[PDB]
Amino acid sequence: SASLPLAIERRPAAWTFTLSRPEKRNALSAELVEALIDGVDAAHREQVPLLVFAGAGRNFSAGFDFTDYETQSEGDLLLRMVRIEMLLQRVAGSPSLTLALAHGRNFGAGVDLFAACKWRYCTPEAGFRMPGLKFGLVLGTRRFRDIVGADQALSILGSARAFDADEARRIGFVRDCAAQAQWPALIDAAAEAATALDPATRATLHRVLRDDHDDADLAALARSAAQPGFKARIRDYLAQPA
Amino acid sequence: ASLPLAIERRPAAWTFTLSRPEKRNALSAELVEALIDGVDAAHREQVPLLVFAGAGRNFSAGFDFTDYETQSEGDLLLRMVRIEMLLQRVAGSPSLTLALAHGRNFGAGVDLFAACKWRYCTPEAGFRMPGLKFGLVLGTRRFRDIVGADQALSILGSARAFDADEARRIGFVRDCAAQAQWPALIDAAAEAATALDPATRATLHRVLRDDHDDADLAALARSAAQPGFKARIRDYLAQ
Amino acid sequence: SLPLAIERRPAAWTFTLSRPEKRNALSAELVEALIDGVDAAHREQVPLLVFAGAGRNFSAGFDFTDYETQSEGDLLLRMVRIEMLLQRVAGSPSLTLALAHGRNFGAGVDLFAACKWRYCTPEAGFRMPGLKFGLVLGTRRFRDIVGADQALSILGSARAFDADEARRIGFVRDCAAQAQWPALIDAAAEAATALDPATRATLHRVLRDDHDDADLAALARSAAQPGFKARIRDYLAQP
Amino acid sequence: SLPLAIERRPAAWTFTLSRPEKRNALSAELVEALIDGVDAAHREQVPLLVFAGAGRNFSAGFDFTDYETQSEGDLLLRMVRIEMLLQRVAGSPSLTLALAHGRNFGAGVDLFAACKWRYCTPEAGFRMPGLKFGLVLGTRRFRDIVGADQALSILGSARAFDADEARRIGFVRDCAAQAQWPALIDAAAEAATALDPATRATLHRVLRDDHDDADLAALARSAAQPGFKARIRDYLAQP
Amino acid sequence: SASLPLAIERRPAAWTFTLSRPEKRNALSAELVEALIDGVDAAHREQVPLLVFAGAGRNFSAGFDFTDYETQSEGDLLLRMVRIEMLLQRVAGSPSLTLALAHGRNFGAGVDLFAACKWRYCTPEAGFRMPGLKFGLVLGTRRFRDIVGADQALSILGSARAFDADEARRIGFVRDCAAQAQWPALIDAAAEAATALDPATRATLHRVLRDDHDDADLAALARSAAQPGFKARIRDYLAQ
Amino acid sequence: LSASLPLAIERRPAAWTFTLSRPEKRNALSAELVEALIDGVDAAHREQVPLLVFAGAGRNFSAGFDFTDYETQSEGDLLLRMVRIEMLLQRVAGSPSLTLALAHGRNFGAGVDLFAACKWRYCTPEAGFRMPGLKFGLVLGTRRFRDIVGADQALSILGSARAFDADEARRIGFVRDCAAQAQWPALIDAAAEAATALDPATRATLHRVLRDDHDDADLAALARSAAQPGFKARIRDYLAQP
Ligand SMILES: [Cl-]
Ligand SMILES: [Cl-]
Ligand SMILES: [Cl-]
Ligand SMILES: [Cl-]
Ligand SMILES: [Cl-]
Ligand SMILES: [Cl-]
Ligand SMILES: [Cl-]
Ligand SMILES: [Cl-]
Ligand SMILES: [Cl-]
Ligand SMILES: [Cl-]
Ligand SMILES: [Cl-]
Ligand SMILES: [Cl-]
Ligand SMILES: [Cl-]
Ligand SMILES: [Cl-]
Ligand SMILES: [Cl-]
Ligand SMILES: [Cl-]
Ligand SMILES: [Cl-]
Ligand SMILES: [Cl-]
Ligand SMILES: [Cl-]
Ligand SMILES: [Cl-]
Ligand SMILES: [Cl-]
Ligand SMILES: [Cl-]
Ligand SMILES: [Cl-]
Ligand SMILES: [Cl-]
Ligand SMILES: [Cl-]
Ligand SMILES: [Cl-]
Ligand SMILES: [Cl-]
Ligand SMILES: [Cl-]
Ligand SMILES: [Cl-]
Ligand SMILES: [Cl-]
Ligand SMILES: [Cl-]
Ligand SMILES: [Cl-]
Ligand SMILES: [Cl-]
Ligand SMILES: [Cl-]
Ligand SMILES: [Cl-]
Ligand SMILES: [Cl-]
Ligand SMILES: [Cl-]
Ligand SMILES: [Cl-]
Ligand SMILES: [Cl-]
Ligand SMILES: [Cl-]
Ligand SMILES: [Cl-]
Ligand SMILES: [Cl-]
Ligand SMILES: [Cl-]
């Protein structure tokens with residue numbers, strides 16, 4: 001209880017959530033997910049105009065932390081995936097404007113957290129992969145579809161393949177590519193856009209714009225991770241060469 | 001040590017008998033998996049009629065809380081998800097489904113009963129879905145669809161018991177029937193189930209059903225995944 | 001001799017099925033006459049549409065006379081047009097009243113079901129046996145009236161039900177002898193004209209559970225499955 | 001003199017409509033007072049909201065006093081605020097209880113209908129006449145309570161109904177003399193507090209048929225039609 | 001009255017609705033909105049294949065007319081906004097093909113009227129802004145999103161900002177940037193497309209293609225404009 | 001004719017290839033061909049074939065509904081054939097298999113809709129497409145087309161009941177890319193690999209989750225349009241147009 005896997009910088013127009021496990025590729029431990037949920041909930045209570053998501057170290061996030069998954073039960077793993085989806089839905093449906101800034105190699109729920117944010121930028125060298133369908137996981141699927149279209153989503157998710165910054169830009173997954181040196185200016189621009197409307201009107205606008213399939217998404221996640229043999233499917237995937 | 005489930009296979013019907021007499025037919029993970037396996041097998045074979053009953057003194061006491069203190073929050077979530085996956089399989093069955101209740105029934109046990117299309121109980125039977133007392137949202141909309149939003153709020157809102165007479169009044173059971181009359185009900189049900197060709201029976205059930213499976217599973221998952229689940233169970237089990 | 005008689009008064013049009021030597025069975029001609037008549041009434045914004053049958057009954061439904069000489073496609077088309085008729089009546093901005101007597105079958109019962117005010121003679125009978133030959137017609141609209149439990153029992157066994165059972169389950173408002181019928185029509189004409197045409201249309205729209213597309217799709221699928229004529233043949237042989 | 005009294009106890013807030021010389025008619029001020037009070041209760045997560053009327057009745061609905069000095073826009077705005085209040089009550093996380101007596105009209109009946117537990121005195125009456133002047137207010141909520149059949153009967157002829165009919169059609173839980181009202185409030189307070197605040201909220205959300213947007217849209221279209229004030233004038237005119 | 005705030009040219013294939021308050025930037029008074037509703041209803045009854053919308057003078061439309069809003073009640077303002085949304089829904093759901101031709105600087109409900117038309121063109125120098133969210137108004141939101149996508153809708157609506165003709169073309173809001181010299185040829189093409197199908201089939205196609213969220217749109221509009229303090233929010237915005 | 005083979009089926013472990021084989025009739029969909037396609041697609045679904053490939057022998061993919069003996073057929077016969085076509089299209093569009101279509105030549109109506117029902121869609125640079133059925137009141141494939149190309153482009157094409165070429169098809173996202181026939185074996189191999197990247201159950205779930213299901217609305221719209229009295233006369237008038 002003395003670590004800080006999530007750093008939160010609070011300013012009047014913006015809170016910045018820095019995933020802070022840089023020796024573990026910002027992988028989502030149960031502790032980090034719970035910290036994110038708490039932070040996001042607090043920001044919604046305080047009607048923070050802009051939430052910024054970033055990662056310390058070499059990347060944004062490698063997604064689910066598979067360290068010691070062998071010593072966790074099938075139930076333990078299901079709970080952690082459910083809490084991840086609950087987090088993603090809170091970020092996706094936020095009354096705050098949300099901004100994500102990705103760099104390095106990003107994976108799974110890490111990419112989904114990025115996807116849940118409305119303004120999305122990455123470094124020209126950044127990379128993304130959502131490989132979970134290889135072990136039967138159905139996470140972030142419809143949200144990714146809503147962004148890039150069903151054709152591109154099938155192409156990418158169906159073969160559980162990587163895609164780079166250029167491809168991410170082409171398919172509309174990122175607004176633009178931007179070096180880390182340009183990130184402070186992007187945050188300022190996002191802060192200005194977020195505060196252009198009052199909290200109640202901003203929340204209403206977000207609610208009106210969003211395609212809400214939260215229940216379908218959570219059901220699909222729950223079913224996928226609750227199929228008997230989840231742990232074995234993970235084991236098989238992690239033993240695979242690429 | 002006997003198996004927690006007995007399955008009997010006839011041409012027109014399979015009977016699933018819950019058999020945990022020291023545990024009030026409570027749903028262990030093993031029993032739920034046995035039921036899922038059994039119902040899945042029945043569906044592959046297109047068995048016209050599935051019958052659900054309990055050996056001993058009741059239909060079912062729902063989730064088995066034995067040693068819940070030694071299971072993780074995630075273990076308990078998974079078992080609850082698996083129960084809902086079972087309920088949805090039974091509720092959406094292409095087979096005709098019949099449930100026969102007696103004694104005192106609770107929680108997921110009552111929900112399993114509710115998931116069946118033909119529902120009968122002894123005149124002395126009782127039911128309670130107390131799960132909302134520990135924040136659990138299980139079977140809520142399916143119960144609403146049976147009894148109406150008004151009766152559902154009356155019963156679930158206070159998480160209270162109801163007896164066979166109220167169950168009949170509100171449409172929760174078609175009628176009451178003593179255990180001695182059950183083999184005859186099963187025969188009437190098997191005749192009903194084979195009155196239409198299997199594809200037509202399947203179509204009829206699909207056409208009639210109000211499908212909110214995703215909303216149901218999402219609400220279940222959210223409810224059981226809130227931090228402090230075990231502690232809420234603990235507090236309920238004390239009162 | 002035309003198969004349909006239409007009486008036009010200012011507040012009400014009365015559609016009298018006029019094939020009393022053929023049990024008022026729905027030939028393609030009768031169904032088109034009905035569609036044309038109902039469409040005309042809708043253009044005129046007639047407050048009340050009344051449906052009745054000359055002779056011994058309301059209607060025996062689909063006319064199976066010479067079905068063997070009609071193609072699988074001809075039969076599908078006739079069923080589709082029946083459903084399009086039923087949807088026009090069910091969704092009418094007019095108030096609708098149906099008056100049944102004698103023995104009534106299938107699409108005949110569905111036409112009756114599509115009307116908002118439903119009355120029959122104490123001796124009237126109803127049967128919807130279409131599921132016996134795989135036909136899915138009027139299923140959801142019947143469910144909306146009597147509830148999924150009662151619809152499953154009646155449709156899933158294709159049983160005939162009487163006026164007493166019809167009243168019990170809410171399928172008719174009440175039983176009334178043919179002598180009480182003109183007063184019922186008068187009462188309906190008054191209720192129909194109690195609101196202005198635009199507001200009446202709005203109320204009907206706001207109150208209705210619309211699943212017209214799901215119903216037409218299910219009908220079309222059910223009747224277009226290869227071997228339709230053969231399923232009808234096996235049915236028409238039964239007990 | 002204020003048009004609304006609010007009594008706050010630990011488990012309940014009681015909103016007493018307090019315009020007994022004006023039949024508790026809903027002025028713009030009373031509607032806003034009700035909205036502010038209901039919003040405050042929602043922020044406080046009060047288990048139970050009780051609605052009652054001082055004097056001879058529960059409420060006579062929209063206050064048509066000096067409507068001639070109101071523009072059509074003024075009337076639209078007031079109707080919109082009424083619907084917003086009705087939707088806040090109907091969708092409340094609190095248990096809601098309404099206790100009616102005397103003769104009640106329009107939006108008054110709709111406020112009553114928005115509450116989950118509804119009781120009236122043996123001599124209480126109800127009438128929703130707004131469709132006579134083209135108003136579409138509370139229509140679907142009333143339908144959801146009594147069924148499309150009874151809703152059409154009552155709303156389609158914009159007719160009165162007494163306590164006996166209200167009980168028969170499920171519009172009230174029971175008829176109860178005012179002497180029995182303190183015990184009913186106590187029972188409602190017990191029922192409301194049987195679940196924790198978050199769970200009670202989730203239950204209410206899960207059980208409710210939410211068509212708030214269709215309801216507000218229908219209301220707005222009805223009251224924004226050119227000539228709406230003139231239709232009111234015609235309906236209210238004294239000869 | 002004797003003014004003609006809306007001119008309607010009628011031809012067998014097409015009716016052209018010219019907004020004709022060029023000294024008031026074609027702003028939508030209650031009278032102009034009612035004229036438009038009457039005209040669009042008449043066209044529906046008469047099964048006109050193509051409806052063309054254009055503005056006289058320097059622009060298409062400046063949206064809601066705020067002249068003497070101070071002397072109108074909060075209710076009067078809600079009513080006028082409700083009528084505008086009802087108009088927009090009638091245009092958006094029209095069995096006719098609809099064509100809008102914009103120029104100059106356009107605002108609010110004027111941009112929404114433009115958006116309600118299926119084929120849309122503007123001059124290279126045209127500008128658009130939907131600023132109403134600055135005073136809490138929720139008008140045309142879902143319809144704009146359906147055209148340009150949630151991402152671009154948020155980029156524009158989230159800061160209630162202007163966008164020019166180049167941006168409009170990029171985001172798919174207009175078919176092309178076309179000078180008024182091109183407009184006769186474009187109307188000709190639209191009239192040809194409109195009459196390619198019979199009236200019943202054209203109506204069916206339009207219904208099948210449209211994402212109908214009319215009730216949610218009207219509810220969101222009504223709630224936004226009925227919030228106590230509406231007139232004051234308008235006052236604040238106009239002062240900026 | 002029982003000795004004829006209007007549909008050739010090639011069966012391999014990862015892929016079945018359905019080759020429409022009426023090259024003297026522009027691969028037009030007779031009742032027999034539609035029934036053969038339904039039978040074949042149903043069999044593949046039972047056998048959980050990872051990939052279905054659709055192709056046409058001769059000069060094209062398919063000219064849609066075979067009008068050859070329409071005068072000798074009743075209104076009911078024509079309705080039934082159209083309904084069975086929509087049932088086929090819905091089976092293909094909702095397939096748990098990955099689906100690939102390879103178009104060449106001039107294609108029409110239900111032929112273009114069969115192509116549209118497939119997830120991976122490629123055509124030669126010379127391929128042409130037209131869905132003219134709205135000219136005779138037919139409402140077939142309308143919503144699925146809209147879902148692929150967007151309401152704007154769908155209105156531009158269907159509102160005029162007009163042809164569109166391969167360039168336009170690529171531009172609007174109707175085809176993944178233009179590819180000449182020499183590149184087709186490699187595309188099929190790539191498709192088979194993509195199809196087998198996930199296990200059968202997960203593949204089926206991904207497709208289910210990605211798809212916008214409006215099957216009932218689609219079949220209702222089709223049935224209404226083709227059941228309107230005077231259908232055959234509308235067809236006659238359209239076929240007389242020069
Ligand atoms: Cl670290
Ligand atoms: Cl962990
Ligand atoms: Cl385990
Ligand atoms: Cl990088
Ligand atoms: Cl992950
Ligand atoms: Cl993943
Ligand atoms: Cl959902
Ligand atoms: Cl799923
Ligand atoms: Cl394992
Ligand atoms: Cl035991
Ligand atoms: Cl266990
Ligand atoms: Cl017992
Ligand atoms: Cl339980
Ligand atoms: Cl429970
Ligand atoms: Cl009793
Ligand atoms: Cl929930
Ligand atoms: Cl008359
Ligand atoms: Cl006769
Ligand atoms: Cl015939
Ligand atoms: Cl009789
Ligand atoms: Cl029949
Ligand atoms: Cl039948
Ligand atoms: Cl439907
Ligand atoms: Cl079906
Ligand atoms: Cl007073
Ligand atoms: Cl007032
Ligand atoms: Cl009284
Ligand atoms: Cl009122
Ligand atoms: Cl009223
Ligand atoms: Cl409406
Ligand atoms: Cl002017
Ligand atoms: Cl004005
Ligand atoms: Cl310009
Ligand atoms: Cl404006
Ligand atoms: Cl605006
Ligand atoms: Cl809507
Ligand atoms: Cl809203
Ligand atoms: Cl050939
Ligand atoms: Cl043929
Ligand atoms: Cl075709
Ligand atoms: Cl076509
Ligand atoms: Cl659908
Ligand atoms: Cl249609």
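For the numbers below, each heavy atom of this structure counts, side chains included, while hydrogens, waters and symmetry mates do not. Sequence lines set the chain letters: A, B, ... in the order given, protein chains first and strands last, and positions in each chain run from 1.
If you measure heavy-atom distances from E/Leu205 to chain F, the contacts under 4.5 Å come from the side chain alone. Using a 4.5 Å cut-off between heavy atoms, E/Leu97 touches chain F through its side chain atoms alone.
The shortest non-hydrogen separation linking E/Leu197 to F/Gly159 is CG-O, 3.5 Å.
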Polar pairs (donor with acceptor) under 3.5 Å from chain F to chain E:
from: F/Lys135; atom 1: NZ; to: E/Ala196; atom 2: O; distance (Å): 2.8
from: F/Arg146; atom 1: NH1; to: E/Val208; atom 2: O; distance (Å): 3.1

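When the ring pair (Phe, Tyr, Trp, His ring centres under 6.0 Å) test is applied to F/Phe174, the partners found at least two apart in sequence or on another chain are F/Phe115, F/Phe129, F/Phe145, F/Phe164.
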